[PDB]
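Just one chain follows, in the form deposited in one PDB entry, and it is written as structure tokens.
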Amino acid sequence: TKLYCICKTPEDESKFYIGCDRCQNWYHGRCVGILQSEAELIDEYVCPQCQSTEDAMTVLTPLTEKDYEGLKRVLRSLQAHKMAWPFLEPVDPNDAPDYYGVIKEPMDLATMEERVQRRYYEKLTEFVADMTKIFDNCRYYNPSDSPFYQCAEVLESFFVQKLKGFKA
């Protein structure tokens, strides 16, 4: 006799169970929020804890071939965005001296494209960090009511949605 589910109880044949394909434990459908009628519609089942781990590890796993191609498509979508104009290329040292006096880790979409090309990134978190740097640098350097700051707000919102469901 083994103990199963998050509730740690022995098997009761009068209750509905669903098996997790990742950890191989069994769960009462009632304890994990899934009814028999709903279970019929899914091929594999991943329990809540295993799913939380899978969701969290998406940004830490190795970037695959397909991931890299996907990153290129994500960059292309941002590059075509109306609010991406301040972030397409590095700030021109000649248009703006003190920009580089205070930003030592600048970032832009063209530089990110180069980094994706040469596979500088090896985990999604690294790509997301560079993207976030583009927006954080902008918000650090410009007033919140300024067009530059707000473009970062808009594009970051667009970015977050674009990245939904990115990893296989």
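In this text, residue numbers run from 1 along the sequence as written.
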Inset, instruction - Between 132 to 140 and 59 to 67, name whichever shows the higher mean Cα B factor according to the PDB entry. - result: 59 to 67
Legend entry - Which of 48 to 56 and 35 to 43 has higher mean CA B factor, as the PDB entry lists it: 35 to 43
Legend entry - Within-chain third of residue 102 by Cα B-factor, per the entry: highest
Legend entry - residue 25 by Cα B-factor - lowest, middle or highest third of the modelled chain: middle
Legend entry - Lowest, middle or highest third - CA B-factor, residue 10: highest
Legend entry - Ranked C-alpha temperature factor of residue 80 among modelled chain residues, by third: middle
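There is also a form solved in complex with a partner chain; it is not shown, and the following applies to it.
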Inset, instruction - Scan 102, 129, 110, 56 and let me know which has any heavy atom within 4.5 Å of its partner chain in the bound PDB entry. - result: 102
Inset, instruction - Using a 4.5 Å heavy atom cut-off, indicate which stretch of 60 to 68, 139 to 147, 47 to 55, 112 to 120 touches its partner chain in the bound PDB entry. - result: 139 to 147
Inset, instruction - Verify the contact flag for residue 91: yes if a non-hydrogen atom of it lies within 4.5 Å of a non-hydrogen atom of its partner chain in the bound PDB entry, no if not. - result: yes
Inset, instruction - Evaluate residue 80 for contact with its partner chain in the bound PDB entry, applying a 4.5 angstroms cut-off between non-hydrogen atoms, and reply yes or no. - result: no
